[PDB]
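To start, the structure under review is shown below, and the notes come after it.
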Amino acid sequence: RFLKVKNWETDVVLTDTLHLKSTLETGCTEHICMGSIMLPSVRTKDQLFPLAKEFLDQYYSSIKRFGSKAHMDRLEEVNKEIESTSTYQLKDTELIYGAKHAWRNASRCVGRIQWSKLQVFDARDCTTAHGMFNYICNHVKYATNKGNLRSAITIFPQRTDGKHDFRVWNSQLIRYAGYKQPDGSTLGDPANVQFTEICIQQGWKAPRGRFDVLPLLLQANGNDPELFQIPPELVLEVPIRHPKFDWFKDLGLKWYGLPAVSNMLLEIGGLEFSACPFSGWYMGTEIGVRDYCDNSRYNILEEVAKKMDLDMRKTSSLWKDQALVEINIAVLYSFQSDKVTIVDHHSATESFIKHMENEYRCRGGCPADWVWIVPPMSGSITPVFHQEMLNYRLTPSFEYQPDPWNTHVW
Amino acid sequence: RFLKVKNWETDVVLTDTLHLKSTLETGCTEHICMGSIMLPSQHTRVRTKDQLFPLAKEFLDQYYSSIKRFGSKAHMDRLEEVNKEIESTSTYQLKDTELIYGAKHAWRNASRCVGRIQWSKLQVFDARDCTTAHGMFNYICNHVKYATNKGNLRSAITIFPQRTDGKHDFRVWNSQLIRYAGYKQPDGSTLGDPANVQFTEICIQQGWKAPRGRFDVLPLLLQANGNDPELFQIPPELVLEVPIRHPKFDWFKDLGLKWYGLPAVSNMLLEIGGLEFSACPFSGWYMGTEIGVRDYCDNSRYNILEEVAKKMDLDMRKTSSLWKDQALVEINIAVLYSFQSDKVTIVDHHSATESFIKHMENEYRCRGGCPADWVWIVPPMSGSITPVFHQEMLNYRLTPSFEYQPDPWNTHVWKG
Ligand code: HEM
Ligand code: HEM
Ligand SMILES: Cc1cc(CCc2cc(CCN(C)C)cc(F)c2F)nc(N)n1
Ligand SMILES: Cc1cc(CCc2cc(CCN(C)C)cc(F)c2F)nc(N)n1
Ligand SMILES: C[C@H](O)[C@H](O)[C@H]1CNc2nc(N)[nH]c(=O)c2N1
Ligand SMILES: C[C@H](O)[C@H](O)[C@H]1CNc2nc(N)[nH]c(=O)c2N1
Ligand SMILES: [Zn+2]
């Protein structure tokens with residue numbers, strides 16, 4: 001019950017004890033593994049205090065003041081505040097710690113070696129969509145940093161009764177619109193067809209291009225959401241060209257520099273932050289493999305192979321694989337040439353292996369979701385393919401939450 | 001209680017009731033997922049008459065259900081006959097019909113196998129009358145001949161006598177019937193297949209005269225009735241090999257690469273109705289990535305990415321040039337081209353995974369589910385451009401089944 005994990009390429013063996021601190025549940029049982037399910041299926045005053053005590057217990061341990069002076073004081077203080085108000089407010093130091101460790105604990109995240117460098121922006125004093133917009137613009141400008149990207153999170157006021165939730169209705173702060181055509185096919189990003197519909201169904205006048213940055217749809221204190229246009233000078237974009245094939249720039253492709261997830265929920269000490277946009281920088285395959293080549297997305301593999309004059313009549317010519325590689329060489333070359341931070345899947349997975357070693361050494365483990373850590377191309381020539389990983393849920397954490405337009409009383 | 005899985009690229013949803021018929025444990029709990037452990041405690045494997053009859057009874061209920069005779073007089077008479085055989089002899093014997101059903105359904109239940117659409121067209125060779133290593137050699141030669149079929153490969157399995165007290169096991173000591181030797185040089189480098197250095201040494205110590213080349217078919221090391229194992233050389237005219245060339249790169253033949261055509265796993269344990277068949281070599285035909293991605297490009301195997309990238313002259317200084325990815329695609333194009341050119345059966349990973357989705361959906365329709373191990377079903381290159389990447393999958397353990405077992409040289413009691 002002190003588990004071991006082995007790397008089959010190097011025979012490195014790590015022992016995991018961290019998992020015994022795990023609290024929440026995975027969805028698996030002894031009779032069935034759900035490890036490939038995408039998304040496995042307010043607080044009463046009672047269950048809130050054990051949540052706060054457990055979080056405070058680990059916070060004060062991390063500063064080497066467990067069972068100390070201030071620890072028992074803070075424990076009493078939070079105890080008192082809950083019985084009366086049926087919630088409590090985090091100190092700044094605890095908010096920063098809680099956010100860094102939600103990332104540290106994100107078992108699907110390969111870029112976690114950077115976890116302790118996160119820049120945490122407290123936006124708990126915000127009251128309106130306009131203020132939200134202002135916090136978000138400042139986040140975007142800070143994180144972009146003229147292409148020298150910096151990790152950042154901005155944390156909006158916590159849930160109170162579920163009627164006054166702060167929510168960013170976009171799934172990412174920067175995404176391209178998607179339009180359905182009269183002739184069935186889809187122009188732009190197919191993932192965002194419904195969201196693009198809501199924005200137009202809200203007032204947005206769409207340019208109807210293939211790369212239209214979506215407006216922000218911001219909801220403060222449970223009110224109706226409001227549209228906002230992110231100033232273009234804050235949306236850093238990269239035109240995609242290839243280091244060998246000059247015809248590549250003619251394809252008219254680009255992508256944005258800043259990946260900023262905005263629809264997740266951040267859980268710290270039992271408190272729920274339903275608007276907490278966070279951003280880092282891209283691994284190349286996220287754009288080149290998934291965004292560009294998923295059949296349900298931009299699905300560009302047909303055009304690239306054609307302009308490569310590859311025999312596309314048999315799958316066994318591996319023309320898709322061959323095209324896929326070139327696209328991803330192009331994304332990397334484009335960002336690197338424009339001095340925008342990006343990491344290739346070989347470097348990021350190699351760093352994650354080093355990060356696992358560190359976590360096993362200094363923390364006793366590292367929860368990790370193999371199905372999501374292995375890149376979606378060239379899996380077995382990356383070190384994470386040959387790495388056994390234990391997956392388990394730790395708190396603080398990021399969780400999924402319902403889309404607001406299915407829930408909001410409009 | 002029902003369970004659903006979703007294909008996120010097509011939004012197709014399927015409903016699994018078959019997992020209820022599952023007994024054996026997975027390794028996971030409510031608080032930890034062992035989904036990526038290579039050899040979990042439960043996927044690996046003597047039984048007393050205590051627990052044996054319930055396993056027989058459950059197999060026989062399955063068997064007679066499948067032939068629409070559940071509860072029939074033939075069904076009840078067989079249960080009775082098996083019970084009395086177990087109490088008086090402590091084991092039992094499967095009928096030929098039950099052996100065939102058992103082996104097919106062990107393949108059907110193999111949740112890590114992407115090739116299962118073919119499961120009902122398996123040729124089963126009954127070798128339970130075999131008694132000596134020489135007899136095993138003769139059975140395996142005939143399997144290899146039948147399965148190879150001059151390049152028109154045919155799925156086959158050969159089943160040697162079942163375990164009795166664990167002291168009289170039949171075992172094929174090789175991990176596959178056909179594999180290339182690997183030699184450790186004094187300078188630390190490896191000649192041949194590094195995956196086989198340990199087994200190669202065992203063969204040499206047993207008397208094999210190794211040619212010490214880069215592609216030497218290993219001898220068979222066969223164990224009958226718990227006796228010491230013996231070496232046999234498969235007749236070379238039965239080992240179909242394919243020289244590897246590339247359809248555009250004429251310098252690729254000069255790498256001197258070749259592979260064998262018949263993939264034939266020989267170290268698994270087959271479990272049917274509580275009976276353990278410790279020697280049961282089985283064979284199919286290759287998916288190209290098994291050779292092109294893993295055999296040739298795993299850093300711990302032949303590891304040819306360097307030499308291929310050199311002769312392609314790629315930027316090998318920075319990894320962000322994706323020279324490794326570029327070389328890997330070419331090597332896998334060359335493997336598929338060489339096999340198709342020589343009319344030796346092979347399937348590419350796009351075709352195989354598409355077939356498996358069709359197989360899987362059909363299994364949900366007519367069977368109520370299909371256990372599948374996503375970590376193993378998704379191919380080791382170009383994962384997300386194959387449809388299984390986007391397919392939710394439920395993994396659970398059904399019997400009959402194939403199981404791992406310890407390598408015999410770690411458990412064998414040597415006669416001398
Ligand atoms: C700094 C560079 C980063 C890289 C290269 C990176 C990379 C990735 C990748 C490839 C995934 C897989 C999900 C997908 O393919 O869509 C992922 C998941 C995730 N990332 Fe990271 N990420 C980075 C930064 C961050 C930061 C700053 C945070 C939070 C502060 C974060 C939180 C998460 C979470 C919560 C998930 C998974 C959500 C789930 O459970 O499904 N990441 N990341
Ligand atoms: C017909 C062509 C076949 C193909 C293309 C195929 C393909 C595969 C592949 C790619 C794997 C993943 C294992 C690895 O990558 O090393 C696998 C696993 C497996 N295959 Fe198939 N297979 C075929 C036929 C068979 C047959 C005939 C059997 C037995 C009757 C079989 C039984 C299994 C089993 C038990 C596993 C699981 C191995 C484990 O648990 O580690 N396969 N197969
Ligand atoms: C900050 C950051 C995040 C990511 C991963 C993108 C990401 C994507 C999803 C949606 C998954 N799918 C259902 C669409 C959920 C997430 F929490 C998530 F973080 N990458 C990079 N480079 N930086
Ligand atoms: C008949 C057949 C089998 C296979 C899969 C190869 C295979 C590999 C392993 C070892 C797993 N790993 C630790 C190396 C165990 C197996 F049972 C197994 F069947 N493929 C093809 N084409 N045909
Ligand atoms: C079906 C499967 O769970 C789903 O496709 C997952 C698999 N692994 C993934 N891995 C990453 N990094 N991102 C993803 O979106 C997914 N999707
Ligand atoms: C650690 C990890 O579970 C292990 O490397 C697995 C991953 N998936 C695999 N999938 C296949 N088809 N074959 C393998 O050998 C492996 N190895
Ligand atoms: Zn699991």
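The way I read the labels, and the way they are meant: chains A, B, ... in the order of the structure tokens, residue 1 as the first residue of every chain, and ligand 1 as the first ligand shown, with later ones counted on from there.
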If the limit is 8 Å from any atom of ligand 1, counting only C-alpha atoms and all ligand atoms, which residues qualify? Return them as a ChimeraX atom specification. /A:38-39,99-100,102-103,106-112,114-115,118,150-153,261,264,278-283,285-286,290,342-343,348,372-373,375,397-400
Return as a PDB file with N, CA, C and O atoms, in the first residue's frame the full set of residues in region 122-288 of chain A whose backbone-based DSSP assignment is helix (DSSP H, G or I).
ATOM      1  N   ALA A 129     -19.132  43.267 -14.421  1.00  0.00           N
ATOM      2  CA  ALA A 129     -18.518  42.714 -15.626  1.00  0.00           C
ATOM      3  C   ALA A 129     -17.450  43.648 -16.180  1.00  0.00           C
ATOM      4  O   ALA A 129     -16.423  43.191 -16.697  1.00  0.00           O
ATOM      5  N   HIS A 130     -17.680  44.964 -16.083  1.00  0.00           N
ATOM      6  CA  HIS A 130     -16.687  45.933 -16.538  1.00  0.00           C
ATOM      7  C   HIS A 130     -15.394  45.811 -15.741  1.00  0.00           C
ATOM      8  O   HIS A 130     -14.299  45.849 -16.311  1.00  0.00           O
ATOM      9  N   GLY A 131     -15.496  45.713 -14.412  1.00  0.00           N
ATOM     10  CA  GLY A 131     -14.310  45.435 -13.614  1.00  0.00           C
ATOM     11  C   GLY A 131     -13.665  44.110 -13.990  1.00  0.00           C
ATOM     12  O   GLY A 131     -12.446  44.024 -14.157  1.00  0.00           O
ATOM     13  N   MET A 132     -14.480  43.058 -14.132  1.00  0.00           N
ATOM     14  CA  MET A 132     -13.957  41.771 -14.599  1.00  0.00           C
ATOM     15  C   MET A 132     -13.140  41.960 -15.865  1.00  0.00           C
ATOM     16  O   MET A 132     -12.001  41.483 -15.970  1.00  0.00           O
ATOM     17  N   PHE A 133     -13.706  42.691 -16.828  1.00  0.00           N
ATOM     18  CA  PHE A 133     -13.019  42.926 -18.091  1.00  0.00           C
ATOM     19  C   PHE A 133     -11.656  43.562 -17.866  1.00  0.00           C
ATOM     20  O   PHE A 133     -10.666  43.174 -18.505  1.00  0.00           O
ATOM     21  N   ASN A 134     -11.592  44.516 -16.930  1.00  0.00           N
ATOM     22  CA  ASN A 134     -10.369  45.252 -16.626  1.00  0.00           C
ATOM     23  C   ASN A 134      -9.325  44.332 -16.001  1.00  0.00           C
ATOM     24  O   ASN A 134      -8.152  44.343 -16.392  1.00  0.00           O
ATOM     25  N   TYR A 135      -9.738  43.528 -15.019  1.00  0.00           N
ATOM     26  CA  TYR A 135      -8.850  42.509 -14.468  1.00  0.00           C
ATOM     27  C   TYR A 135      -8.339  41.584 -15.563  1.00  0.00           C
ATOM     28  O   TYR A 135      -7.143  41.285 -15.618  1.00  0.00           O
ATOM     29  N   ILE A 136      -9.213  41.199 -16.492  1.00  0.00           N
ATOM     30  CA  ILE A 136      -8.841  40.219 -17.516  1.00  0.00           C
ATOM     31  C   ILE A 136      -7.870  40.823 -18.518  1.00  0.00           C
ATOM     32  O   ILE A 136      -6.885  40.182 -18.897  1.00  0.00           O
ATOM     33  N   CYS A 137      -8.120  42.081 -18.947  1.00  0.00           N
ATOM     34  CA  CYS A 137      -7.165  42.746 -19.823  1.00  0.00           C
ATOM     35  C   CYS A 137      -5.799  42.846 -19.167  1.00  0.00           C
ATOM     36  O   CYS A 137      -4.768  42.674 -19.831  1.00  0.00           O
ATOM     37  N   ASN A 138      -5.770  43.150 -17.864  1.00  0.00           N
ATOM     38  CA  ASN A 138      -4.488  43.262 -17.179  1.00  0.00           C
ATOM     39  C   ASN A 138      -3.802  41.909 -17.095  1.00  0.00           C
ATOM     40  O   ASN A 138      -2.577  41.821 -17.238  1.00  0.00           O
ATOM     41  N   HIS A 139      -4.575  40.851 -16.812  1.00  0.00           N
ATOM     42  CA  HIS A 139      -4.045  39.496 -16.886  1.00  0.00           C
ATOM     43  C   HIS A 139      -3.446  39.232 -18.254  1.00  0.00           C
ATOM     44  O   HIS A 139      -2.293  38.797 -18.361  1.00  0.00           O
ATOM     45  N   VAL A 140      -4.220  39.476 -19.317  1.00  0.00           N
ATOM     46  CA  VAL A 140      -3.737  39.145 -20.653  1.00  0.00           C
ATOM     47  C   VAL A 140      -2.441  39.883 -20.960  1.00  0.00           C
ATOM     48  O   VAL A 140      -1.496  39.306 -21.516  1.00  0.00           O
ATOM     49  N   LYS A 141      -2.366  41.173 -20.601  1.00  0.00           N
ATOM     50  CA  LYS A 141      -1.166  41.931 -20.919  1.00  0.00           C
ATOM     51  C   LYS A 141       0.020  41.446 -20.097  1.00  0.00           C
ATOM     52  O   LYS A 141       1.123  41.272 -20.634  1.00  0.00           O
ATOM     53  N   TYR A 142      -0.195  41.192 -18.801  1.00  0.00           N
ATOM     54  CA  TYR A 142       0.874  40.657 -17.956  1.00  0.00           C
ATOM     55  C   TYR A 142       1.383  39.310 -18.464  1.00  0.00           C
ATOM     56  O   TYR A 142       2.596  39.093 -18.562  1.00  0.00           O
ATOM     57  N   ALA A 143       0.466  38.380 -18.740  1.00  0.00           N
ATOM     58  CA  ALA A 143       0.849  37.019 -19.143  1.00  0.00           C
ATOM     59  C   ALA A 143       1.526  37.005 -20.510  1.00  0.00           C
ATOM     60  O   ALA A 143       2.537  36.318 -20.700  1.00  0.00           O
ATOM     61  N   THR A 144       1.020  37.803 -21.458  1.00  0.00           N
ATOM     62  CA  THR A 144       1.618  37.859 -22.791  1.00  0.00           C
ATOM     63  C   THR A 144       3.042  38.408 -22.743  1.00  0.00           C
ATOM     64  O   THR A 144       3.970  37.793 -23.286  1.00  0.00           O
ATOM     65  N   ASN A 145       3.237  39.564 -22.103  1.00  0.00           N
ATOM     66  CA  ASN A 145       4.584  40.089 -21.845  1.00  0.00           C
ATOM     67  C   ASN A 145       5.391  40.229 -23.144  1.00  0.00           C
ATOM     68  O   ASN A 145       6.579  39.890 -23.213  1.00  0.00           O
ATOM     69  N   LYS A 146       4.732  40.725 -24.194  1.00  0.00           N
ATOM     70  CA  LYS A 146       5.345  40.914 -25.511  1.00  0.00           C
ATOM     71  C   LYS A 146       5.930  39.614 -26.073  1.00  0.00           C
ATOM     72  O   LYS A 146       6.882  39.636 -26.851  1.00  0.00           O
ATOM     73  N   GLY A 147       5.370  38.476 -25.685  1.00  0.00           N
ATOM     74  CA  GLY A 147       5.814  37.188 -26.185  1.00  0.00           C
ATOM     75  C   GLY A 147       6.701  36.399 -25.241  1.00  0.00           C
ATOM     76  O   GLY A 147       6.943  35.209 -25.499  1.00  0.00           O
ATOM     77  N   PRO A 190     -14.915  24.818 -35.375  1.00  0.00           N
ATOM     78  CA  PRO A 190     -16.190  24.130 -35.087  1.00  0.00           C
ATOM     79  C   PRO A 190     -16.480  23.946 -33.601  1.00  0.00           C
ATOM     80  O   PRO A 190     -17.653  23.821 -33.231  1.00  0.00           O
ATOM     81  N   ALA A 191     -15.460  23.929 -32.738  1.00  0.00           N
ATOM     82  CA  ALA A 191     -15.698  23.758 -31.304  1.00  0.00           C
ATOM     83  C   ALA A 191     -16.516  24.901 -30.721  1.00  0.00           C
ATOM     84  O   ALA A 191     -17.200  24.731 -29.704  1.00  0.00           O
ATOM     85  N   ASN A 192     -16.467  26.067 -31.352  1.00  0.00           N
ATOM     86  CA  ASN A 192     -17.054  27.268 -30.787  1.00  0.00           C
ATOM     87  C   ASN A 192     -18.302  27.707 -31.539  1.00  0.00           C
ATOM     88  O   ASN A 192     -18.666  28.886 -31.484  1.00  0.00           O
ATOM     89  N   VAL A 193     -18.976  26.783 -32.228  1.00  0.00           N
ATOM     90  CA  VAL A 193     -20.145  27.176 -33.011  1.00  0.00           C
ATOM     91  C   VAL A 193     -21.258  27.678 -32.099  1.00  0.00           C
ATOM     92  O   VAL A 193     -21.863  28.727 -32.353  1.00  0.00           O
ATOM     93  N   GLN A 194     -21.548  26.938 -31.023  1.00  0.00           N
ATOM     94  CA  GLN A 194     -22.621  27.360 -30.123  1.00  0.00           C
ATOM     95  C   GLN A 194     -22.264  28.656 -29.407  1.00  0.00           C
ATOM     96  O   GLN A 194     -23.091  29.570 -29.314  1.00  0.00           O
ATOM     97  N   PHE A 195     -21.038  28.755 -28.889  1.00  0.00           N
ATOM     98  CA  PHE A 195     -20.638  29.981 -28.205  1.00  0.00           C
ATOM     99  C   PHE A 195     -20.682  31.172 -29.155  1.00  0.00           C
ATOM    100  O   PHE A 195     -21.198  32.241 -28.808  1.00  0.00           O
ATOM    101  N   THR A 196     -20.158  30.997 -30.369  1.00  0.00           N
ATOM    102  CA  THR A 196     -20.286  32.035 -31.384  1.00  0.00           C
ATOM    103  C   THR A 196     -21.747  32.393 -31.618  1.00  0.00           C
ATOM    104  O   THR A 196     -22.077  33.566 -31.838  1.00  0.00           O
ATOM    105  N   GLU A 197     -22.642  31.400 -31.554  1.00  0.00           N
ATOM    106  CA  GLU A 197     -24.067  31.678 -31.707  1.00  0.00           C
ATOM    107  C   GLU A 197     -24.577  32.555 -30.571  1.00  0.00           C
ATOM    108  O   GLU A 197     -25.295  33.532 -30.805  1.00  0.00           O
ATOM    109  N   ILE A 198     -24.198  32.233 -29.331  1.00  0.00           N
ATOM    110  CA  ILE A 198     -24.654  33.011 -28.181  1.00  0.00           C
ATOM    111  C   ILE A 198     -24.181  34.456 -28.285  1.00  0.00           C
ATOM    112  O   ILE A 198     -24.941  35.394 -28.008  1.00  0.00           O
ATOM    113  N   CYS A 199     -22.927  34.660 -28.693  1.00  0.00           N
ATOM    114  CA  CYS A 199     -22.398  36.016 -28.813  1.00  0.00           C
ATOM    115  C   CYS A 199     -23.186  36.826 -29.837  1.00  0.00           C
ATOM    116  O   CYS A 199     -23.524  37.994 -29.598  1.00  0.00           O
ATOM    117  N   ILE A 200     -23.485  36.223 -30.991  1.00  0.00           N
ATOM    118  CA  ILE A 200     -24.319  36.908 -31.972  1.00  0.00           C
ATOM    119  C   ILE A 200     -25.735  37.068 -31.432  1.00  0.00           C
ATOM    120  O   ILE A 200     -26.308  38.163 -31.469  1.00  0.00           O
ATOM    121  N   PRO A 232      -7.154  44.586 -29.616  1.00  0.00           N
ATOM    122  CA  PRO A 232      -6.333  43.716 -30.472  1.00  0.00           C
ATOM    123  C   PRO A 232      -4.863  43.767 -30.126  1.00  0.00           C
ATOM    124  O   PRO A 232      -4.173  42.744 -30.225  1.00  0.00           O
ATOM    125  N   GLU A 233      -4.369  44.933 -29.693  1.00  0.00           N
ATOM    126  CA  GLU A 233      -2.964  45.052 -29.345  1.00  0.00           C
ATOM    127  C   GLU A 233      -2.588  44.184 -28.159  1.00  0.00           C
ATOM    128  O   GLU A 233      -1.393  44.015 -27.896  1.00  0.00           O
ATOM    129  N   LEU A 234      -3.565  43.634 -27.437  1.00  0.00           N
ATOM    130  CA  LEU A 234      -3.276  42.691 -26.367  1.00  0.00           C
ATOM    131  C   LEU A 234      -3.394  41.230 -26.798  1.00  0.00           C
ATOM    132  O   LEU A 234      -3.040  40.351 -26.007  1.00  0.00           O
ATOM    133  N   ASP A 246       7.867  26.985 -48.906  1.00  0.00           N
ATOM    134  CA  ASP A 246       7.443  28.375 -48.989  1.00  0.00           C
ATOM    135  C   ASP A 246       5.940  28.499 -49.198  1.00  0.00           C
ATOM    136  O   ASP A 246       5.341  29.493 -48.777  1.00  0.00           O
ATOM    137  N   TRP A 247       5.311  27.507 -49.829  1.00  0.00           N
ATOM    138  CA  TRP A 247       3.870  27.562 -50.053  1.00  0.00           C
ATOM    139  C   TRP A 247       3.054  27.473 -48.767  1.00  0.00           C
ATOM    140  O   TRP A 247       1.829  27.631 -48.829  1.00  0.00           O
ATOM    141  N   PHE A 248       3.690  27.223 -47.615  1.00  0.00           N
ATOM    142  CA  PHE A 248       2.939  27.039 -46.371  1.00  0.00           C
ATOM    143  C   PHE A 248       2.266  28.333 -45.909  1.00  0.00           C
ATOM    144  O   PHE A 248       1.122  28.305 -45.440  1.00  0.00           O
ATOM    145  N   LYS A 249       2.960  29.470 -46.008  1.00  0.00           N
ATOM    146  CA  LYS A 249       2.355  30.725 -45.563  1.00  0.00           C
ATOM    147  C   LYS A 249       1.128  31.088 -46.395  1.00  0.00           C
ATOM    148  O   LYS A 249       0.227  31.777 -45.901  1.00  0.00           O
ATOM    149  N   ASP A 250       1.058  30.614 -47.643  1.00  0.00           N
ATOM    150  CA  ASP A 250      -0.116  30.852 -48.473  1.00  0.00           C
ATOM    151  C   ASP A 250      -1.376  30.211 -47.903  1.00  0.00           C
ATOM    152  O   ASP A 250      -2.481  30.655 -48.228  1.00  0.00           O
ATOM    153  N   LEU A 251      -1.240  29.177 -47.067  1.00  0.00           N
ATOM    154  CA  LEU A 251      -2.405  28.504 -46.496  1.00  0.00           C
ATOM    155  C   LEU A 251      -3.262  29.422 -45.635  1.00  0.00           C
ATOM    156  O   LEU A 251      -4.418  29.082 -45.355  1.00  0.00           O
ATOM    157  N   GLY A 284       3.550  22.698 -28.486  1.00  0.00           N
ATOM    158  CA  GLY A 284       3.266  22.797 -29.916  1.00  0.00           C
ATOM    159  C   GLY A 284       2.111  21.916 -30.378  1.00  0.00           C
ATOM    160  O   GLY A 284       1.232  22.369 -31.113  1.00  0.00           O
ATOM    161  N   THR A 285       2.076  20.654 -29.919  1.00  0.00           N
ATOM    162  CA  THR A 285       1.061  19.700 -30.380  1.00  0.00           C
ATOM    163  C   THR A 285      -0.371  20.124 -30.040  1.00  0.00           C
ATOM    164  O   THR A 285      -1.308  19.666 -30.705  1.00  0.00           O
ATOM    165  N   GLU A 286      -0.574  20.974 -29.022  1.00  0.00           N
ATOM    166  CA  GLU A 286      -1.927  21.432 -28.718  1.00  0.00           C
ATOM    167  C   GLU A 286      -2.538  22.171 -29.902  1.00  0.00           C
ATOM    168  O   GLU A 286      -3.740  22.064 -30.156  1.00  0.00           O
ATOM    169  N   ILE A 287      -1.725  22.941 -30.619  1.00  0.00           N
ATOM    170  CA  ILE A 287      -2.185  23.643 -31.812  1.00  0.00           C
ATOM    171  C   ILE A 287      -2.083  22.740 -33.038  1.00  0.00           C
ATOM    172  O   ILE A 287      -3.055  22.533 -33.773  1.00  0.00           O
ATOM    173  N   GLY A 288      -0.888  22.206 -33.288  1.00  0.00           N
ATOM    174  CA  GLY A 288      -0.635  21.536 -34.555  1.00  0.00           C
ATOM    175  C   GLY A 288      -1.389  20.227 -34.712  1.00  0.00           C
ATOM    176  O   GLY A 288      -1.891  19.914 -35.798  1.00  0.00           O
TER     177      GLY A 288
END
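For the choices B:409, B:59, B:364, B:285, the atom-to-atom distance to residue 221 (chain B) is smallest for B:409 when using only C-alpha atoms.
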Counting only C-alpha atoms and all ligand atoms, name the residues that have an atom within 7 Å of an atom of ligand 2; the answer should be given as an NGL selection string. :B and (103-104 or 107 or 110-116 or 118-119 or 122 or 155-157 or 282-287 or 290 or 347 or 352 or 376-377 or 402-403)
Could you give me, as CSV, every chain B residue with an atom at most 6 Å from ligand 7, plus its closest atom pair and distance in Å to one decimal, counting only C-alpha atoms and all ligand atoms, rows ordered by chain then number?
residue,atom,partner,partner_atom_place_in_ligand_line,distance
B:28,CA,ligand 7,1 (Zn),4.9
B:33,CA,ligand 7,1 (Zn),3.8
B:34,CA,ligand 7,1 (Zn),5.3
B:35,CA,ligand 7,1 (Zn),4.6
Could those residues be written to a file, using C-alpha atoms, as a PDB file, in the first residue's frame?
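New file selection-v5.pdb:
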ATOM      1  CA  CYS B  28      -7.929   0.294  -9.312  1.00  0.00           C
ATOM      2  CA  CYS B  33      -6.256   4.578 -10.758  1.00  0.00           C
ATOM      3  CA  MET B  34      -3.692   1.954 -11.814  1.00  0.00           C
ATOM      4  CA  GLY B  35      -4.680   2.345 -15.479  1.00  0.00           C
TER       5      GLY B  35
END
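Between CA of residue 31 (chain B) and CA of residue 17 (chain A) lies a distance of 13.1 Å.
The coordinates place CA of residue 66 (chain A) at 17.0 Å from CA of residue 79 (chain A).
Residues from chain B found within 6 Å of chain A are residues 9, 25, 26, 27, 28, 29, 30, 31, 32, 33, 34, 36, 37, 320, 348, 380, 381, 382, 383, 384, 392, 393, 394, 395 and 396 of chain B, counting only C-alpha atoms.
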Could you tell me which of B:207, B:102, B:190, B:354 comes closest to residue 303 (chain B) if we count only C-alpha atoms? B:190
Neighbour list for residue 222 (chain A) as a list in words, cut-off 8 Å, only C-alpha atoms, skip fewer than 2 positions in-chain: residues 163, 164, 165, 166, 167, 219, 220, 224 and 408 of chain A
Skip residue 254 (chain A) itself and residues of its chain fewer than 4 positions away, then list as number ranges by chain all residues within 7 Å of it, counting only C-alpha atoms. A: 237-240
Using the selection just defined, write its residues with C-alpha atoms as an mmCIF file, in the first residue's frame.
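Saved to result_21.cif:
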data_model
loop_
_atom_site.group_PDB
_atom_site.id
_atom_site.type_symbol
_atom_site.label_atom_id
_atom_site.label_comp_id
_atom_site.auth_asym_id
_atom_site.auth_seq_id
_atom_site.Cartn_x
_atom_site.Cartn_y
_atom_site.Cartn_z
ATOM 1 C CA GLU A 237 -1.067 36.143 -32.802
ATOM 2 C CA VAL A 238 1.456 34.159 -34.865
ATOM 3 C CA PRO A 239 1.197 33.604 -38.636
ATOM 4 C CA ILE A 240 2.089 30.020 -39.457
#
With only C-alpha atoms as the basis for distance, which of A:75, A:174, A:3, A:230 is at the shortest distance from residue 16 (chain A)? A:3
Return as a list in words the full set of residues in region 79-137 of chain B whose backbone-based DSSP assignment is strand (DSSP E). residues 123, 124, 125 and 126 of chain B
Using the selection just defined, write its residues with C-alpha atoms as a PDB file, in the first residue's frame.
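And here's again_4.pdb as it stands now:
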ATOM      1  CA  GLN B 123      -7.724 -21.707 -35.887  1.00  0.00           C
ATOM      2  CA  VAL B 124      -7.337 -23.788 -32.719  1.00  0.00           C
ATOM      3  CA  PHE B 125      -4.765 -26.594 -32.668  1.00  0.00           C
ATOM      4  CA  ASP B 126      -5.292 -29.082 -29.818  1.00  0.00           C
TER       5      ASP B 126
END
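Atom pair CA of residue 214 (chain A) / CA of residue 177 (chain A) has a distance of 5.6 Å (rounded to one decimal).
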Find the residues near residue 52 (chain A): any atom within 9 Å, counting only C-alpha atoms, skip ones fewer than 3 places away on the same chain, and give them as a PyMOL selection string. chain A and resi 48-49+55-57+75+78-79+88+268-271
Using only C-alpha atoms, which residues sit within 8 Å of region 268-273 of chain B once same-chain residues fewer than 5 positions away are excluded, as an MDAnalysis selection string? chainID B and resid 45 52 55:60 99 102:103 106 278:281 399:405
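Residue nearest ligand 3 within the list B:339, B:374, B:208, B:8: B:8 [criterion: smallest interatomic distance, only C-alpha atoms and all ligand atoms].
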